[PDB]
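Residue numbers (the authors' numbering), protein chains in the order written: chain K, 52 to 320, 488 to 635; chain L, 52 to 320, 488 to 635; chain J, 250 to 320.
Here the structure comes first, spelled out in structure tokens, and everything after it is commentary.
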Amino acid sequence: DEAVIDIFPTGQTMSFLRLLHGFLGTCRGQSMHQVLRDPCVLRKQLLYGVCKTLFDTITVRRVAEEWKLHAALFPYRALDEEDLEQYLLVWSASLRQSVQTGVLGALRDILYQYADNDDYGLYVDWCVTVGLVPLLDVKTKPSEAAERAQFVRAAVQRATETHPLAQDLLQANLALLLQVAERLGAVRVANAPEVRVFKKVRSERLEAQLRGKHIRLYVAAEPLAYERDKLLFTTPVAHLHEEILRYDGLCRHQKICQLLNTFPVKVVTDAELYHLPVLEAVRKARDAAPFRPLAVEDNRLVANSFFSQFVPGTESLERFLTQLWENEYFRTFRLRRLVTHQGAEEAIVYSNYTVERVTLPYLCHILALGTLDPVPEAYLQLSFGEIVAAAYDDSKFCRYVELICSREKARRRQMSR
Amino acid sequence: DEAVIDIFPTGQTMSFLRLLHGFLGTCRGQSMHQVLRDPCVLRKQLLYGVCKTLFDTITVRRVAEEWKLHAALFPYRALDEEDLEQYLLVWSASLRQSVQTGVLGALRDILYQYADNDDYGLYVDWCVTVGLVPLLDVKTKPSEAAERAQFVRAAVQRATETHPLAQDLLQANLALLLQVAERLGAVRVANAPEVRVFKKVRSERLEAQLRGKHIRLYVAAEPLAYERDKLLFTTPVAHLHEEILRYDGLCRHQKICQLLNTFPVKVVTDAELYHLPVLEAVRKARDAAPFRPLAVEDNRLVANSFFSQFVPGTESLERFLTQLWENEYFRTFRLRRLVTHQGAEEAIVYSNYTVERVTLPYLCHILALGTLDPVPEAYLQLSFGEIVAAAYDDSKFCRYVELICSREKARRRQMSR
Amino acid sequence: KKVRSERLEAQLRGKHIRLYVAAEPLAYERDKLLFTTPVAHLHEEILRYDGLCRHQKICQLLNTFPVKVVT
């Protein structure tokens with residue numbers, strides 16, 4: 052038996068998941084936590100990384116090789132003035148859109164079948180309120196690897212039917228595809244009851260265990276510890292814990308005092491109410507909250523009374539706490555507010571510092587990070603499908619279609635002149 | 052036994068890390084401390100330093116040497132009008148992009164594997180609240196140096212695969228890479244309980260010891276000391292300690308006076491409420507906060523009463539303290555406020571004076587400072603990957619690509635004319 | 250939610266059926282488990298608003314008469 056200071060199952064910390072999901076208190080600033088826990092930015096950045104590693108491979112050779120088949124496939128190019136200048140652009144658009152829908156359908160299938168893990172939507176909570184995440188590594192029989200390796204072939208058959216030329220990149224990088232698929236379904240966020248995490252005091256090598264079994268864990272922001280043996284956190288949400296405690300105390304206090312003096316006079320010594495007419499309501503309300511006096515006996519020392527009627531003003535410190543929440547979440551991750559002219563809070567989105575602080579640590583512990591790349595920020599706002607049309611636009615893929623365009627127009631301009 | 056005046060484990064200073072992380076005091080100002088303890092600016096500045104030291108080395112010779120391989124690799128350049136003017140730019144962009152992704156992936160791997168130390172966050176706390184930092188120098192066996200020297204090769208193999216020419220810079224500067232990697236994991240921020248720092252009175256050579264063992268420490272702003280044996284600090288946070296302590300006293304005072312006059316009348320002589495309807499709630503409210511009189515016996519001297527109902531106005535001095543926090547942190551570190559037109563507090567970021575005050579002292583005591591260079595302020599806002607593209611754009615790397623493309627176009631313009 | 254094997258299921262009238270999950274809620278020593286859905290973030294506030302609505306109605310319906318006397 053060893054003495055070890057614990058962090059998880061106490062009121063200060065188990066209350067954190069209650070408040071951050073608003074079990075006991077909330078305000079107008081809680082929605083920015085909701086826009087922080089978007090699970091779709093995970094699949095967006097993930098597909099951006101895998102397609103950036105996909106498209107950049109065979110840009111230099113395969114375009115001139117697959118020019119040959121579509122040369123005979125489109126019988127054209129009689130005159131150099133009007134046919135050549137217009138045919139190359141629509142052929143280039145055709146090839147890029149066909150490989151685009153191919154990779155889009157294959158990636159949408161292999162995501163939507165087994166990337167609905169919704170674990171990031173707890174991972175950002177553990178990153179934001181304790182500065183570390185408990186997480187389990189579920190292991191299975193290697194027959195499930197054969198299940199996924201079978202499934203990816205019928206997945207890429209939808210791209211095979213769409214495009215013959217798109218399948219050549221996928222048959223090259225199927226190892227990377229099955230790698231990110233297996234590492235995708237390998238690790239969870241450990242939402243299981245009676246978990247316990249702690250800090251070992253004699254060697255500062257704090258560890259996570261689940262149900263008596265020691266597990267792996269990640270640390271992003273370790274909290275500071277001193278002679279106060281309950282240690283203090285550097286995490287963002289603990290910077291505003293006591294303020295929402297004050298707001299919740301004021302909320303309950305306001306409620307319990309406004310339900311205290313409902314009756315009009317004091318001396319000392488169910489939507490049914492709307493439906494029925496007022497002549498039964500005056501009978502039922504007068505009998506409903508009964509008049510009750512209040513008295514304690516005291517002989518030859520009589521009462522001298524005073525009286526107070528007030529409710530606490532919730533709106534002032536409500537606005538104060540919402541402004542504090544908004545300022546806090548804006549400073550700790552630099553959330554942008556793109557609006558129109560004279561527009562107020564149209565849309566709030568992840569920005570450049572934000573994805574580096576939260577998303578790339580997720581892919582760091584996922585250990586798929588060795589190939590991928592963080593997404594541009596306006597690229598994050600764009601569609602699930604339109605994103606790849608800009609992703610290879612960033613790549614040298616259509617930039618080499620520019621080079622084969624210049625080569626074909628030069629080879630035919632010398633043919634004319 | 053010697054008498055030595057201590058600074059660390061007293062109420063004025065143990066209170067400091069509690070108030071700065073908001074265990075007691077809080078307002079809209081604490082978020083600017085959160086934007087000051089952002090640890091990613093450390094990794095951005097250090098990667099900027101190592102890539103600026105990287106890219107300027109072999110600018111003058113290797114570009115003309117590696118022109119030779121991509122001359123035969125791209126069969127082109129038949130006509131001088133359209134082929135030369137367009138091919139050279141995309142070749143230059145391809146080369147800079149490929150070496151960029153190579154150094155980016157290698158640096159991201161060697162960062163994300165062992166630069167999640169998050170020590171900078173506490174380092175800026177000790178710089179801001181006591182003007183000096185305690186820190187330990189952990190030393191291990193040299194087998195860990197061999198582990199890192201093994202790990203960097205498999206790290207730069209990811210750059211070796213994508214680009215052959217990028218490995219030649221890394222094999223030249225691998226000593227610098229292992230140096231900054233070893234000095235990266237060399238020192239910590241001393242987050243261990245029961246440490247003690249003090250000032251020796253007879254010899255003014257103030258020192259830090261950890262658990263009976265004397266250690267090294269850094270001093271940035273030593274506090275002034277006089278015949279008052281408790282000494283006064285010149286640090287920024289002690290300039291406004293008493294005001295947030297006043298705010299905390301007023302907050303607790305407001306809470307305790309608001310929770311005192313809850314009952315409507317006075318004489319002299488947990489969401490349980492919301493769910494349940496009002497008719498049992500009015501039963502539970504009167505029994506919940508019971509009426510209590512107050513009485514002291516006094517014969518032939520009777521009571522003559524008075525009454526006060528007031529709450530303290532928290533919002534006025536709250537706004538005062540937030541403006542205090544805002545202009546205080548603005549003047550001590552010249553933080554910029556870039557916004558849009560009619561824009562209020564979009565983003566706050568380090569400027570040129572701020573990094574010189576807080577970051578380069580960190581790299582000074584790191585002792586990797588002899589080869590690096592501070593980052594421009596607008597460069598700090600940019601992406602984790604986009605930063606290197608402007609980093610060698612500042613360098614003469616692509617500036618010599620301008621010289622070699624002018625040389626190629628001159629050598630072929632003389633070939634034509 | 251089946252407690253020993255975390256493989257929560259849907260049954261209809263004694264017959265087990267299929268179901269979909271999009272956002273699974275977090276579960277702990279509190280055997281009533283807490284939800285991460287958008288609407289549960291604002292359950293208590295609209296419940297407070299309804300308590301205030303009913304309370305306003307019942308206090309307005311209480312002091313309708315212009316004069317009140319005691320005895």
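We treat Cβ as the ideally placed atom computed from N, Cα and C, and that holds for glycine.
Identify whether residue i lies in helix, strand or coil by the three-state DSSP scheme.
| i | result |
| --- | --- |
| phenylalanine 615/K | helix |
| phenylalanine 548/L | helix |
| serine 254/J | coil |
| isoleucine 584/K | helix |
| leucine 229/K | helix |
| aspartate 57/L | strand |
| residue 645/K | Given that chain K is displayed from residue 52 to residue 635, the structure contains no residue 645/K and the question cannot be resolved. |
| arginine 555/K | strand |
| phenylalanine 67/L | helix |
| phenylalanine 538/K | helix |
| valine 92/L | helix |
| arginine 575/L | helix |
In its own chain, which residues sit with a C-beta less than 7 Å from the C-beta of residue i, not counting the 5 before and 5 after it?
| i | result |
| --- | --- |
| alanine 196/K | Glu233 |
| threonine 320/K | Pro511 and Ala513 |
| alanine 521/K | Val319 |
Quick one: does residue i have its CB under 8 Å from some CB of chain L?
| i | result |
| --- | --- |
| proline 185/K | no |
| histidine 290/K | yes |
| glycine 263/J | no |
| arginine 253/J | no |
| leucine 296/J | yes |
At least one CB of chain J closer than 8 Å to the CB of residue i: is that the case?
| i | result |
| --- | --- |
| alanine 144/L | no |
| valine 207/L | no |
| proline 60/K | yes |
| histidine 72/K | yes |
| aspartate 57/K | no |
| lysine 95/K | no |
Tell me, please, whether the CB atom of residue i is closer than 8 Å to any CB atom in chain K?
| i | result |
| --- | --- |
| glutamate 278/J | yes |
| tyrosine 165/L | no |
| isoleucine 109/L | no |
| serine 601/L | yes |
| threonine 313/L | yes |
| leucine 283/J | yes |
| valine 319/J | yes |
| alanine 259/J | no |
| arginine 267/J | no |
What residue range does the beta strand (DSSP E) around residue i cover?
| i | result |
| --- | --- |
| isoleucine 266/J | 264 to 266 |
| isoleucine 109/L | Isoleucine 109/L -> no beta strand (DSSP E), and no H or E assigned at all. |
| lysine 306/K | Per DSSP, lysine 306/K belongs to no beta strand (DSSP E); it is in the alpha helix (DSSP H), 292 to 309. |
| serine 523/K | 522 to 525 |
| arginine 209/K | Element bounds for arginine 209/K: not the beta strand (DSSP E) but the alpha helix (DSSP H), 194 to 213. |
| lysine 317/J | Neither: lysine 317/J is in no beta strand (DSSP E) and is coded neither H nor E. |
Starting from residue i, trace the alpha helix (DSSP H) in both directions and tell me its first and last residue.
| i | result |
| --- | --- |
| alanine 289/L | That residue, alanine 289/L, is in no alpha helix (DSSP H); it is neither H nor E in DSSP. |
| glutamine 260/J | Here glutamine 260/J belongs to no alpha helix (DSSP H); instead the beta strand (DSSP E) covers 259 to 261. |
| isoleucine 161/L | 134 to 165 |
| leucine 590/L | Where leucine 590/L is concerned, there is no enclosing alpha helix (DSSP H), given that its DSSP letter is neither H nor E. |
| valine 567/K | Looking at the DSSP string, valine 567/K is not in any alpha helix (DSSP H); the run it does join, the beta strand (DSSP E), is 565 to 567. |
| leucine 497/K | 496 to 506 |
| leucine 183/K | Unbroken run through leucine 183/K is the beta strand (DSSP E), 183 to 185; no alpha helix (DSSP H). |
| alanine 217/L | 217 to 223 |
Who are the near neighbours of residue i in its chain, counting only those whose CB is closer than 6 Å to its CB and skipping five residues on each side?
| i | result |
| --- | --- |
| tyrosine 547/K | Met83 |
| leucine 581/L | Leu587 |
| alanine 259/K | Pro185, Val248, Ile266 and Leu268 |
| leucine 221/K | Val207 |
Is it the case that the CB of residue i approaches a heavy atom of the ligand MN more closely than 7 Å?
| i | result |
| --- | --- |
| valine 270/J | Here there are no bound small molecules, and the ligand MN is not part of this structure. |
Looking only at its chain, what residues have a beta carbon closer than 8 Å to the beta carbon of residue i, apart from the 5 residues adjacent to it on each side?
| i | result |
| --- | --- |
| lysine 317/J | none |
**OP:** Would you check if the segment 156 to 175 of chain L and the segment 199 to 219 of chain L touch, i.e. whether three or more CB-CB distances between them fall below 8 Å?
**Re:** Under the Cβ criterion (8 Å, minimum of three pairs), the segment 199 to 219 of chain L counts as touching the segment 156 to 175 of chain L.
**OP:** Check whether the segment 563 to 572 of chain K touches the segment 114 to 127 of chain K, counting contact only when three or more Cβ pairs, one atom from each stretch, lie closer than 8 Å.
**Re:** The way I'd put it, the segment 563 to 572 of chain K doesn't touch the segment 114 to 127 of chain K; fewer than three beta-carbon pairs between them come closer than 8 Å.
Original post:
Should the segment 81 to 98 of chain K be called in touch with the segment 543 to 560 of chain K, which here means at least 3 C-beta pairs below 8 Å?
Top reply: Contact between the segment 81 to 98 of chain K and the segment 543 to 560 of chain K is established, with three or more Cβ pairs separated by less than 8 Å.
Original post:
Pairing CB atoms from the segment 72 to 81 of chain K with CB atoms from the segment 294 to 306 of chain K, are three or more of them under 8 Å?
Top reply: Between the segment 72 to 81 of chain K and the segment 294 to 306 of chain K, the count of Cβ pairs shorter than 8 Å is three or higher; the stretches touch.
Subject >> At least 3 beta-carbon pairs within less than 8 Å: the segment 589 to 600 of chain K vs the segment 616 to 630 of chain K >> reply: No, because fewer than three Cβ pairs between the segment 589 to 600 of chain K and the segment 616 to 630 of chain K fall closer than 8 Å, the two stretches do not touch.
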